[PDB]
>>> print(open('target_31.cif').read())   # mmCIF, C-alpha atoms
data_work
loop_
_atom_site.label_atom_id
_atom_site.label_comp_id
_atom_site.auth_asym_id
_atom_site.auth_seq_id
_atom_site.Cartn_x
_atom_site.Cartn_y
_atom_site.Cartn_z
CA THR A 1 72.97 -12.80 54.37
CA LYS A 2 73.10 -16.39 52.79
CA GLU A 3 71.06 -19.47 53.94
CA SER A 4 70.43 -23.16 52.99
CA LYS A 5 68.11 -26.08 53.97
CA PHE A 6 71.53 -27.76 54.47
CA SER A 7 72.17 -26.06 57.90
CA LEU A 8 73.73 -28.29 60.66
CA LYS A 9 71.94 -27.94 64.07
CA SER A 10 73.48 -31.05 65.70
CA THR A 11 77.04 -32.20 66.58
CA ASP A 12 75.98 -35.73 65.52
CA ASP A 13 74.83 -34.25 62.15
CA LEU A 14 78.36 -32.87 61.54
CA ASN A 15 79.89 -36.22 62.67
CA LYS A 16 77.77 -38.17 60.08
CA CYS A 17 78.75 -35.57 57.36
CA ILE A 18 82.41 -36.02 58.49
CA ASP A 19 82.12 -39.86 58.13
CA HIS A 20 80.52 -39.33 54.68
CA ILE A 21 83.63 -37.39 53.46
CA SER A 22 85.83 -39.95 55.33
CA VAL A 23 84.36 -42.68 53.07
CA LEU A 24 84.77 -40.56 49.88
CA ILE A 25 88.45 -39.99 50.86
CA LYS A 26 89.00 -43.68 51.23
CA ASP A 27 87.18 -44.16 47.90
CA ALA A 28 89.31 -41.60 45.95
CA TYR A 29 92.48 -43.32 47.33
CA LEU A 30 91.34 -46.87 46.35
CA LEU A 31 90.63 -45.52 42.83
CA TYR A 32 93.99 -43.68 42.81
CA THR A 33 96.05 -46.78 43.88
CA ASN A 34 94.32 -48.97 41.18
CA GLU A 35 95.50 -46.35 38.62
CA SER A 36 91.99 -44.83 38.10
CA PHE A 37 93.47 -41.32 38.17
CA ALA A 38 90.62 -39.53 36.33
CA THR A 39 87.75 -41.07 38.37
CA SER A 40 89.68 -40.47 41.66
CA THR A 41 90.12 -36.78 40.77
CA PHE A 42 86.31 -36.50 40.25
CA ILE A 43 85.78 -37.62 43.91
CA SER A 44 88.66 -35.35 45.14
CA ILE A 45 86.84 -32.26 43.81
CA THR A 46 83.63 -33.79 45.18
CA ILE A 47 85.45 -34.11 48.58
CA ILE A 48 86.52 -30.46 48.35
CA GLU A 49 82.95 -29.26 47.63
CA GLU A 50 81.46 -31.49 50.34
CA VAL A 51 84.07 -30.18 52.90
CA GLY A 52 83.31 -26.54 51.70
CA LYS A 53 79.55 -27.22 52.08
CA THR A 54 79.76 -28.85 55.54
CA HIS A 55 82.03 -26.19 57.13
CA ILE A 56 79.87 -23.40 55.59
CA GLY A 57 76.60 -25.08 56.68
CA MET A 58 77.76 -25.31 60.31
CA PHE A 59 77.54 -21.49 60.67
CA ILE A 60 75.13 -20.68 57.78
CA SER A 61 71.45 -19.72 58.49
CA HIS A 62 82.05 -21.58 43.44
CA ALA A 63 81.21 -22.47 47.16
CA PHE A 64 84.83 -23.58 48.08
CA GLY A 65 85.12 -22.23 51.71
CA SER A 66 87.73 -24.99 52.10
CA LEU A 67 91.14 -23.35 51.40
CA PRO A 68 93.56 -25.46 53.45
CA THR A 69 95.98 -22.97 55.13
CA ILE A 70 99.43 -23.33 53.42
CA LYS A 71 102.48 -22.65 55.66
CA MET A 72 106.07 -23.33 54.54
CA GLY A 73 107.34 -26.66 55.94
CA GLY A 74 103.72 -27.90 55.95
CA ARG A 75 102.77 -31.45 54.84
CA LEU A 76 100.99 -30.24 51.58
CA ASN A 77 103.77 -27.72 50.70
CA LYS A 78 106.50 -30.36 50.58
CA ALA A 79 104.19 -33.04 49.08
CA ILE A 80 103.22 -31.26 45.77
CA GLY A 81 105.48 -28.10 45.87
CA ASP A 82 104.25 -24.48 45.24
CA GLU A 83 104.25 -25.25 41.48
CA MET A 84 100.99 -27.29 42.00
CA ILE A 85 99.37 -25.54 45.06
CA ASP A 86 99.37 -22.21 43.19
CA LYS A 87 97.35 -23.69 40.28
CA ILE A 88 94.88 -25.68 42.46
CA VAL A 89 94.00 -22.49 44.41
CA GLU A 90 93.76 -20.47 41.13
CA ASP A 91 91.27 -23.00 39.65
CA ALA A 92 89.31 -23.06 42.93
CA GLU A 93 88.91 -19.19 42.94
CA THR A 94 87.97 -19.02 39.18
CA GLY A 95 85.95 -22.29 39.55
CA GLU A 96 87.91 -24.06 36.75
CA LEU A 97 87.82 -27.04 39.20
CA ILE A 98 84.19 -27.63 38.07
CA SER A 99 85.41 -27.86 34.43
CA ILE A 100 88.30 -30.12 35.48
CA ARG A 101 85.93 -32.25 37.56
CA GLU A 102 83.54 -32.61 34.53
CA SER A 103 86.40 -33.96 32.38
CA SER A 104 87.37 -36.64 34.98
CA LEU A 105 84.09 -38.61 34.44
CA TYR A 106 82.24 -37.43 31.27
CA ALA A 107 83.36 -37.92 27.64
CA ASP A 108 82.87 -34.69 25.63
CA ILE A 109 83.57 -33.27 22.13
CA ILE A 110 85.05 -29.74 21.98
CA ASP A 111 86.29 -28.09 18.69
CA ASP A 112 85.30 -31.47 16.99
CA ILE A 113 87.74 -33.32 19.34
CA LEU A 114 86.62 -36.21 21.63
CA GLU A 115 87.79 -35.62 25.25
CA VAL A 116 87.80 -38.66 27.62
CA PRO A 117 88.97 -38.53 31.30
CA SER A 118 92.02 -40.84 30.53
CA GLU A 119 93.50 -38.09 28.18
CA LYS A 120 92.64 -35.05 30.42
CA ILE A 121 93.77 -36.02 34.01
CA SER A 122 97.39 -36.94 34.82
CA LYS A 123 98.51 -39.05 37.73
CA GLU A 124 100.39 -36.03 39.10
CA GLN A 125 97.33 -33.76 39.11
CA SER A 126 95.17 -36.62 40.52
CA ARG A 127 97.68 -37.09 43.40
CA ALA A 128 97.98 -33.33 44.18
CA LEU A 129 94.17 -32.85 44.35
CA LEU A 130 93.54 -35.79 46.75
CA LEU A 131 96.28 -34.48 49.17
CA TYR A 132 94.69 -30.99 48.81
CA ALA A 133 91.24 -32.61 49.35
CA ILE A 134 92.51 -34.38 52.48
CA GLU A 135 94.13 -31.08 53.61
CA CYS A 136 90.81 -29.22 52.98
CA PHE A 137 89.11 -31.82 55.14
CA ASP A 138 91.68 -31.59 57.93
CA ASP A 139 91.99 -27.77 58.15
CA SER A 140 88.18 -27.21 57.75
CA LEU A 141 86.68 -29.96 60.07
CA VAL A 142 89.33 -31.89 62.03
CA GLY A 143 89.25 -30.57 65.63
CA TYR A 144 85.53 -29.53 65.87
CA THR A 145 84.57 -32.94 67.39
CA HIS A 146 86.39 -35.62 69.37
CA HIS A 147 85.17 -37.93 66.49
CA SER A 148 86.96 -35.79 63.84
CA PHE A 149 90.28 -36.49 65.73
CA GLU A 150 89.67 -40.33 65.52
CA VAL A 151 88.58 -39.98 61.87
CA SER A 152 91.71 -37.81 61.19
CA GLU A 153 94.07 -40.65 62.29
CA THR A 154 92.80 -42.57 59.23
CA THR A 155 93.13 -39.62 56.75
CA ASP A 156 96.66 -38.85 58.02
CA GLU A 157 97.66 -42.48 57.18
CA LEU A 158 96.33 -42.11 53.61
CA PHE A 159 97.92 -38.64 53.16
CA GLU A 160 101.33 -40.01 54.39
CA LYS A 161 101.12 -43.11 52.07
CA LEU A 162 100.12 -40.86 49.12
CA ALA A 163 102.75 -38.10 49.83
CA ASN A 164 105.68 -40.61 50.43
CA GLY U 1 60.04 -44.99 21.04
CA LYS U 2 62.88 -44.90 23.70
CA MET U 3 65.73 -42.80 22.03
CA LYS U 4 64.39 -43.43 18.45
CA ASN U 5 62.94 -39.82 17.99
CA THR U 6 65.92 -37.94 19.66
CA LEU U 7 68.25 -38.47 16.58
CA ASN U 8 65.50 -37.75 13.95
CA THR U 9 64.49 -34.27 15.30
CA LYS U 10 66.97 -33.02 17.97
CA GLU U 11 70.66 -32.25 17.18
CA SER U 12 73.75 -32.33 19.50
CA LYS U 13 77.36 -31.05 19.78
CA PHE U 14 78.43 -34.59 20.89
CA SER U 15 78.55 -36.40 17.46
CA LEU U 16 80.75 -39.56 16.85
CA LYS U 17 82.44 -39.46 13.40
CA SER U 18 84.86 -42.47 13.57
CA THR U 19 85.14 -45.92 15.22
CA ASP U 20 88.42 -44.89 16.99
CA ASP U 21 86.37 -42.02 18.65
CA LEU U 22 83.66 -44.68 19.49
CA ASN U 23 86.25 -47.07 21.05
CA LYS U 24 87.60 -44.19 23.22
CA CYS U 25 84.06 -43.85 24.65
CA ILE U 26 83.82 -47.63 25.04
CA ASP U 27 87.29 -47.80 26.73
CA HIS U 28 86.03 -44.86 28.86
CA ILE U 29 82.80 -46.75 29.80
CA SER U 30 84.87 -49.95 30.48
CA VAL U 31 86.97 -47.94 33.04
CA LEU U 32 83.84 -46.59 34.85
CA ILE U 33 82.47 -50.21 35.13
CA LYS U 34 85.66 -51.52 36.64
CA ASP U 35 85.75 -48.49 38.95
CA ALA U 36 82.10 -49.09 39.97
CA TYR U 37 82.77 -52.83 40.32
CA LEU U 38 85.92 -52.13 42.48
CA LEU U 39 83.98 -49.69 44.76
CA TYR U 40 81.05 -52.11 45.32
CA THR U 41 83.52 -54.87 46.27
CA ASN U 42 85.24 -52.60 48.86
CA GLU U 43 81.67 -51.91 50.15
CA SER U 44 81.42 -48.29 48.85
CA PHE U 45 77.84 -48.90 47.71
CA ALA U 46 76.57 -45.27 47.48
CA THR U 47 79.70 -44.32 45.52
CA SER U 48 79.61 -47.49 43.29
CA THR U 49 75.92 -46.66 42.52
CA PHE U 50 76.75 -43.00 41.69
CA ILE U 51 79.17 -44.31 38.93
CA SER U 52 76.67 -47.07 37.84
CA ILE U 53 74.02 -44.41 37.02
CA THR U 54 76.77 -42.42 35.26
CA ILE U 55 77.64 -45.48 33.05
CA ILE U 56 73.95 -45.69 31.98
CA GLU U 57 73.95 -42.03 30.85
CA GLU U 58 77.48 -42.42 29.28
CA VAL U 59 76.46 -45.57 27.32
CA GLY U 60 73.25 -43.71 26.29
CA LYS U 61 75.20 -40.56 25.31
CA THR U 62 77.77 -42.65 23.26
CA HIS U 63 75.07 -44.79 21.57
CA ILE U 64 72.90 -41.81 20.49
CA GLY U 65 75.99 -39.59 19.85
CA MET U 66 77.21 -41.72 16.86
CA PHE U 67 73.79 -41.41 14.99
CA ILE U 68 72.23 -38.04 16.12
CA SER U 69 72.67 -35.11 13.67
CA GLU U 70 75.70 -32.84 14.39
CA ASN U 71 75.10 -29.17 15.39
CA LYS U 72 78.43 -27.52 16.42
CA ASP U 73 77.25 -24.01 17.53
CA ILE U 74 74.20 -25.44 19.53
CA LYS U 75 74.22 -24.29 23.22
CA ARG U 76 74.66 -26.58 26.36
CA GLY U 77 71.10 -26.07 27.66
CA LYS U 78 69.70 -26.78 24.11
CA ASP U 79 71.88 -29.99 23.81
CA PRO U 80 70.16 -33.26 24.82
CA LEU U 81 73.41 -35.28 25.27
CA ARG U 82 75.95 -32.64 26.45
CA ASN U 83 73.82 -31.74 29.60
CA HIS U 84 73.02 -34.47 32.27
CA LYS U 85 70.03 -32.35 33.41
CA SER U 86 68.05 -34.12 30.56
CA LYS U 87 66.29 -37.41 31.59
CA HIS U 88 65.97 -38.02 27.72
CA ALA U 89 69.76 -38.98 27.42
CA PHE U 90 69.49 -42.25 29.48
CA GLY U 91 66.84 -43.53 26.96
CA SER U 92 69.15 -46.39 25.70
CA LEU U 93 68.30 -49.39 27.92
CA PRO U 94 69.15 -53.14 27.75
CA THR U 95 66.83 -55.24 25.52
CA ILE U 96 64.33 -56.60 28.13
CA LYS U 97 64.19 -60.36 27.15
CA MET U 98 63.04 -62.90 29.85
CA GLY U 99 65.44 -65.77 30.73
CA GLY U 100 68.16 -63.05 30.15
CA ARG U 101 71.27 -63.05 32.45
CA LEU U 102 69.88 -59.82 34.05
CA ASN U 103 66.32 -61.18 34.83
CA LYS U 104 67.87 -64.47 36.09
CA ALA U 105 70.40 -62.42 38.23
CA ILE U 106 68.16 -59.64 39.86
CA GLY U 107 64.54 -60.56 38.80
CA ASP U 108 61.83 -58.83 36.65
CA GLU U 109 60.36 -56.76 39.55
CA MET U 110 63.24 -54.24 40.08
CA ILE U 111 63.92 -53.83 36.31
CA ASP U 112 60.63 -51.94 35.88
CA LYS U 113 61.51 -50.02 39.08
CA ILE U 114 64.80 -48.97 37.36
CA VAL U 115 63.11 -48.08 33.97
CA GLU U 116 60.22 -46.32 35.86
CA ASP U 117 62.91 -44.45 37.84
CA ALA U 118 64.73 -44.23 34.44
CA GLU U 119 61.65 -42.82 32.65
CA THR U 120 60.44 -40.64 35.62
CA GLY U 121 63.95 -39.06 36.15
CA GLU U 122 64.13 -40.58 39.73
CA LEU U 123 67.47 -42.15 38.65
CA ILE U 124 68.92 -38.59 38.55
CA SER U 125 67.51 -38.06 42.08
CA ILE U 126 68.72 -41.60 43.11
CA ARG U 127 72.15 -40.45 41.73
CA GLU U 128 72.44 -37.21 43.86
CA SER U 129 71.69 -39.33 46.96
CA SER U 130 74.73 -41.63 46.31
CA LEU U 131 77.30 -38.80 46.23
CA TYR U 132 76.27 -35.66 48.23
CA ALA U 133 74.56 -35.38 51.62
CA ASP U 134 71.24 -33.42 52.04
CA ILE U 135 68.97 -31.98 54.80
CA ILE U 136 65.29 -32.89 54.05
CA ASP U 137 62.53 -31.63 56.45
CA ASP U 138 65.36 -30.55 58.88
CA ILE U 139 66.72 -34.23 58.68
CA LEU U 140 70.28 -34.96 57.42
CA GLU U 141 70.53 -38.16 55.39
CA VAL U 142 73.92 -39.24 53.94
CA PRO U 143 74.66 -41.37 50.86
CA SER U 144 75.21 -44.60 52.91
CA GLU U 145 71.66 -44.32 54.38
CA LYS U 146 69.88 -43.80 50.98
CA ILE U 147 71.54 -46.67 48.96
CA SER U 148 71.48 -50.41 49.83
CA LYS U 149 74.07 -53.02 49.00
CA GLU U 150 71.46 -54.93 46.98
CA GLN U 151 70.57 -51.61 45.21
CA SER U 152 74.22 -50.74 44.25
CA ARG U 153 74.71 -54.38 42.94
CA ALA U 154 71.52 -54.22 40.81
CA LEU U 155 72.29 -51.02 38.88
CA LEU U 156 75.91 -52.16 38.11
CA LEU U 157 74.49 -55.34 36.49
CA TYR U 158 71.89 -53.21 34.70
CA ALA U 159 74.51 -50.57 33.67
CA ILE U 160 76.82 -53.39 32.29
CA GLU U 161 73.99 -54.91 30.18
CA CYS U 162 72.98 -51.36 29.02
CA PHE U 163 76.53 -51.14 27.62
CA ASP U 164 76.63 -54.74 26.36
CA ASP U 165 73.12 -54.77 24.69
CA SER U 166 73.67 -51.12 23.38
CA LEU U 167 77.30 -50.93 22.03
CA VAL U 168 78.94 -54.45 21.79
CA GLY U 169 79.12 -55.55 18.13
CA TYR U 170 79.62 -52.07 16.58
CA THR U 171 83.48 -52.69 16.57
CA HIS U 172 86.10 -55.48 16.77
CA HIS U 173 87.44 -53.78 19.92
CA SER U 174 83.96 -53.80 21.65
CA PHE U 175 84.01 -57.67 21.63
CA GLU U 176 87.37 -57.73 23.52
CA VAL U 177 86.02 -55.18 26.08
CA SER U 178 82.76 -57.27 26.38
CA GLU U 179 84.72 -60.42 27.49
CA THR U 180 86.07 -58.23 30.44
CA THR U 181 82.58 -56.93 31.48
CA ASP U 182 81.19 -60.50 31.21
CA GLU U 183 83.46 -61.70 34.04
CA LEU U 184 82.29 -58.75 36.22
CA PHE U 185 78.59 -59.26 35.40
CA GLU U 186 79.02 -63.02 36.17
CA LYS U 187 81.30 -62.42 39.25
CA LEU U 188 78.49 -60.13 40.65
CA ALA U 189 75.54 -62.61 40.09
CA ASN U 190 77.31 -65.51 41.99
#
>>> encode(input="target_31.cif", output="structure tokens")
Amino acid sequence: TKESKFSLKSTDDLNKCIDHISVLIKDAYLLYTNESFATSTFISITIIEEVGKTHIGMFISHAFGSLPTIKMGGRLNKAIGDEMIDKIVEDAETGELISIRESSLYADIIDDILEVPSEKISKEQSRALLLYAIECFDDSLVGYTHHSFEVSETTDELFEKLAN
Amino acid sequence: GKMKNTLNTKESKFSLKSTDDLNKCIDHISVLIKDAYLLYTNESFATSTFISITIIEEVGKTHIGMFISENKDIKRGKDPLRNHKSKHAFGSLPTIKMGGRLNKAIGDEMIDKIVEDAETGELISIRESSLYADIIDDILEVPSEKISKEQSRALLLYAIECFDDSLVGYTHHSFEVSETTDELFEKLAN
């Protein structure tokens, strides 16, 4: 019942899209480890949307069809706890991630108060969301191609390094 | 009259009332620069460029925002600065002055290209190509394939000088920030 001009007809098309996200993941980490927590988190919610859009556009003829499956004893569960995972999902369903994502890049004045990324995005939330972003990638696209397995070696190494 | 009219007719919700609130923005813009520098140097050109264009509209927004008339209630559509749909919210460029560090670093050619893209709105389109991926005429192009190294290095330089030539001087703080950006501008040109 839904369509897009962004509809993937080729395995190689998916691979290129997978690489694309692979680079963004690397990017959001590099920003995170240089203590750019706000800018990183902007990319993380970009990575989530881009993983949501790829996976959807494989089948197809906010849009967050990237809800990493949470199982107790799972890497994400014991990386951020169910404190954080609860809220990330919440914000995804309501779309408050868009509003969070806005505040990680763009200055803004609300109720005559000047909001900058630096004073809106914590290191904890920035770390959670990247892990979640990497988990969205992995549960939504890793395993569809041989390539995605090779790519996934690299995102597991970031995830580990982040988590521990 | 690039920007000049915006603050004489149009009103915004994004109005800067105090130098501390203008240094936040500056300290904000400083971050984005370093971020965009740091990407570019780890070869994330598309991504660097995405930020670079964002610096240009965040300098522009800050610069206008301190002068433009305040209208609290005004909507988000009907706000020139708040929404980054509006082309007319970049309109705060570097002073084009030949022999300038910019002209002597990238050349006079591309600078029109940028301002033409700036004035035409093609920057916004150039921006979307750095972050997302798109299918055009049943062809999938990805951010790496739309942006060149020499592109992502140009706009950073431009975006720095937009900041420098548009904000530096307004505060004591801005000078101290400017010394930082000056290394990165100069690092990039060599």
>>> resolve_selection(input="target_31.cif", expression="the PyMOL selection byres ((chain U) within 9 of (chain A))", output="ChimeraX atom specification")
/U:13-16,21,24-25,28,31-32,35,38-39,42,44,47,51,54,58,61-62,72,82,131-144
>>> resolve_selection(input="target_31.cif", expression="the PyMOL selection byres ((chain A and resi 151) around 12)", output="ChimeraX atom specification")
/A:15-23,25-26,134,137-138,141-150,152-158
>>> residues_around(input="target_31.cif", residues="residue A:98", least_positions_apart="5", cutoff="10 Å", atoms="all atoms listed in the file", output="ChimeraX atom specification")
/A:42,45-46,49,62,91-92,103
>>> residues_near_point(input="target_31.cif", point="(82.0, -50.9, 23.3)", cutoff="6 Å", atoms="all atoms listed in the file", output="MDAnalysis selection string")
chainID U and resid 26 167:168 174
>>> write_last_selection(input="target_31.cif", atoms="C-alpha atoms", output="mmCIF file, keeping the file's coordinate frame")
data_model
loop_
_atom_site.group_PDB
_atom_site.id
_atom_site.type_symbol
_atom_site.label_atom_id
_atom_site.label_comp_id
_atom_site.auth_asym_id
_atom_site.auth_seq_id
_atom_site.Cartn_x
_atom_site.Cartn_y
_atom_site.Cartn_z
ATOM 1 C CA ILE U 26 83.820 -47.630 25.040
ATOM 2 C CA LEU U 167 77.300 -50.930 22.030
ATOM 3 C CA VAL U 168 78.940 -54.450 21.790
ATOM 4 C CA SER U 174 83.960 -53.800 21.650
#
>>> atom_distance(input="target_31.cif", atom1="atom CA of residue U:101", atom2="atom CA of residue U:190")
11.6 Å
>>> build_atoms(input="target_31.cif", residues="stretch 166-185 of chain U", atoms="N, CA, C and O atoms", output="short mmCIF file (atom, residue, chain, number, x, y, z; two decimals), keeping the file's coordinate frame")
data_model
loop_
_atom_site.label_atom_id
_atom_site.label_comp_id
_atom_site.auth_asym_id
_atom_site.auth_seq_id
_atom_site.Cartn_x
_atom_site.Cartn_y
_atom_site.Cartn_z
N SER U 166 73.78 -52.43 24.11
CA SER U 166 73.67 -51.12 23.38
C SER U 166 74.87 -50.80 22.47
O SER U 166 74.67 -49.96 21.55
N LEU U 167 76.06 -51.34 22.75
CA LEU U 167 77.30 -50.93 22.03
C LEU U 167 78.06 -52.15 21.46
O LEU U 167 78.67 -52.00 20.31
N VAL U 168 78.14 -53.26 22.21
CA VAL U 168 78.94 -54.45 21.79
C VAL U 168 78.43 -54.88 20.41
O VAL U 168 77.18 -54.95 20.22
N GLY U 169 79.37 -55.18 19.52
CA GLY U 169 79.12 -55.55 18.13
C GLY U 169 79.53 -54.45 17.17
O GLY U 169 80.03 -54.76 16.07
N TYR U 170 79.32 -53.19 17.52
CA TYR U 170 79.62 -52.07 16.58
C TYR U 170 81.09 -52.13 16.12
O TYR U 170 81.39 -51.62 15.02
N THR U 171 82.03 -52.65 16.92
CA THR U 171 83.48 -52.69 16.57
C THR U 171 84.11 -54.02 16.98
O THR U 171 83.49 -54.81 17.79
N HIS U 172 85.30 -54.26 16.45
CA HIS U 172 86.10 -55.48 16.77
C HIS U 172 86.56 -55.37 18.21
O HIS U 172 86.48 -56.41 18.93
N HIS U 173 86.97 -54.15 18.57
CA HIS U 173 87.44 -53.78 19.92
C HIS U 173 86.36 -54.12 20.96
O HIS U 173 86.64 -54.87 21.91
N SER U 174 85.14 -53.61 20.75
CA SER U 174 83.96 -53.80 21.65
C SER U 174 83.78 -55.26 22.10
O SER U 174 83.20 -55.49 23.17
N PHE U 175 84.18 -56.23 21.29
CA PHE U 175 84.01 -57.67 21.63
C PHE U 175 84.98 -58.00 22.76
O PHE U 175 84.57 -58.69 23.70
N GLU U 176 86.21 -57.49 22.62
CA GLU U 176 87.37 -57.73 23.52
C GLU U 176 87.09 -57.08 24.89
O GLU U 176 87.36 -57.71 25.93
N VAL U 177 86.55 -55.86 24.87
CA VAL U 177 86.02 -55.18 26.08
C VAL U 177 84.94 -56.05 26.73
O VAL U 177 85.00 -56.29 27.95
N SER U 178 83.96 -56.49 25.94
CA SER U 178 82.76 -57.27 26.38
C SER U 178 83.17 -58.52 27.17
O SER U 178 82.47 -58.86 28.15
N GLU U 179 84.26 -59.20 26.78
CA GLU U 179 84.72 -60.42 27.49
C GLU U 179 85.00 -60.01 28.93
O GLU U 179 84.63 -60.82 29.79
N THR U 180 85.64 -58.83 29.13
CA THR U 180 86.07 -58.23 30.44
C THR U 180 84.82 -58.01 31.30
O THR U 180 84.76 -58.52 32.43
N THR U 181 83.83 -57.29 30.76
CA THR U 181 82.58 -56.93 31.48
C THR U 181 81.84 -58.19 31.88
O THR U 181 81.14 -58.17 32.91
N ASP U 182 81.94 -59.23 31.06
CA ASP U 182 81.19 -60.50 31.21
C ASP U 182 81.67 -61.17 32.49
O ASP U 182 80.82 -61.67 33.22
N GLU U 183 82.96 -61.15 32.77
CA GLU U 183 83.46 -61.70 34.04
C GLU U 183 82.76 -60.96 35.17
O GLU U 183 82.19 -61.63 36.05
N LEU U 184 82.73 -59.63 35.10
CA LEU U 184 82.29 -58.75 36.22
C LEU U 184 80.78 -58.88 36.44
O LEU U 184 80.33 -58.97 37.59
N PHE U 185 80.02 -58.91 35.35
CA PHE U 185 78.59 -59.26 35.40
C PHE U 185 78.41 -60.61 36.11
O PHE U 185 77.57 -60.68 37.04
#
